[PDB]
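As C-alpha cells, one chain now follows by itself in the form solved without the named molecule.
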C-alpha cells in the first residue's frame, strides 16, 4: 500500500468532452496505454505514472500545475499552460508565446522545469484537472522507462536527450529534449462537484481566470494545496533538507532568546503570555518573570482573530505584562506584544506559492501560512537590529578587526572599546539575524521598546 496500483479505477467523466465515447470502466493501466506509453510489466522503481495523494503530499516541492486547451487534437494548435505562468503553443505542422512545433516546444519544457525545480526537488508532479488534451499531449514531450541516474551525477534522471541518447537530472539537463519518468495526479479524482473555477473560487480570490491554460494550471495547483495543506494539515510528514533550513532554525532560536531577554531587562514585565505552539519551551529560562503558556497550533487558513484567542473569558489579563507571538499569526496584535511573523511574499526555495495570498513554507514540516497583512502590526513598530550581552568580556580558545557599532550593547562598548569575544559574538548574531530576515521572518515590538534602557543593566 505504498504506490498507486495501475489496476485502480480512474473516473473518466472529466475526460469525455475532449474524448467522446471513453469507457466508464477504466484503470490507470488502460489510461497510461491509451496515452501512448507502455509499462512492459516493469519492476524498475516506476510502477505507475500516477501517484497517491499521500505520495503527492510528500513531493509538494515537485508540484507543477499543468493544463492544455484546444486553441482552435492532431488537426488544431494546443495551448500548454504551467503554474509557472508560462503558456506555449504547440502546432502539429501571464507569458504568451507564439505557435511552434513539438520538437522545439519540448526543449523549452525541459529548460523551464529544470530551472524551476533543480533547487526544489528530484522529480516533477504534474498537477491536473484532467479533461483529455493534457493527458494525450504527454507522449509529445515525455519518455518513461526504468529509474536511471544522471550521466554527470548521482541524482535520479528527470530528462532525456535524443541527440546524445543520455539521461540528466534538473541540474545537468541543458539542451535535453524530453521529460523522463514524470509523475502526475488528477485532482478531479478526489470527488468534486462542478468545474475547476467554481471549486478554486470557494477558497481563493487571488487567482483570476483569464480563460488561458496557465490560469487553470495555477488554479489546479492552488485547489490542490488548499485540499492537502489548508483544510488538511499533517505535521508528522518530514521533508528533506534542500537549503539553509538548519541555519535559519538556529538563527530563529538565537534571535528569539535575544529579543525576549532584552524586552524583559528593558521593561521588567512581571508576566509574559507565550501564545502559540503547544510544544513551546521558555526561550529565556533564567528570566525573573511569570511565564504563562497558551496553546495555539499554526493557523494554516485564516489568521487567528485576537477576539477568539483572548476573550470568551488564563492570566485572563493579557493587558498585564507582555504577549509573545512567535509565529502565532493573528489579525491584529495587542500593543503589549513581541512578534515574529513570516512574510508570505518572500522569494525562497523553502517558500512555495499558496492559497488566497498565503504561502507554503516547507522547512522540515510544511506550514501553509496566511497572507502577510501590514495592518496586523498597527499597535507595534518594526524591531530594530541590536545585540545585547551581559556575558563577561573574555576571549577563550577567527581573525579580528576591532568592531565599532552603536548596536553592540555590552559592558566593553559602554567602556568605549568592544572586547574581541563580544565582537565575534556580535558578528555571529548579526549573520544569524540577516539569515532569518532574508528567509522572510519579520520582527515587531511594543512602541515603548528602547535599547537605551539596556545600558543600565550594567553599572
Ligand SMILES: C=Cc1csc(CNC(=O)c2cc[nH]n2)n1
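Residue numbers count along the first chain shown, from 1.
What comes next is about the form solved in complex with the named molecule, which does not appear here.
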Would the named molecule, positioned as it is in the bound PDB entry and superimposed via the C-alphas around its site, fit into this form without 3 or more of its atoms falling within 2.4 Å of the backbone or C-beta atoms? Open or blocked? blocked
Contact between residue 152 and the named molecule in the bound PDB entry at 4.5 Å, heavy atoms? no
Residue 124, heavy atom within 4.5 angstroms of the named molecule in the bound PDB entry: no
Residue-level contact is defined here as any heavy atom of the residue lying within 4.5 Å of the named molecule in the bound PDB entry; does residue 374 satisfy this criterion? no
Heavy atoms within 4.5 Å of the named molecule in the bound PDB entry: does residue 128 have any? no
Would you check whether the named molecule, in the bound PDB entry, lies within 4.5 angstroms of a non-hydrogen atom from each of 57, 223 and 227? no
Let me know the one among 185, 339, 213, 157 whose heavy atoms come within 4.5 Å of the named molecule in the bound PDB entry, would you? 213
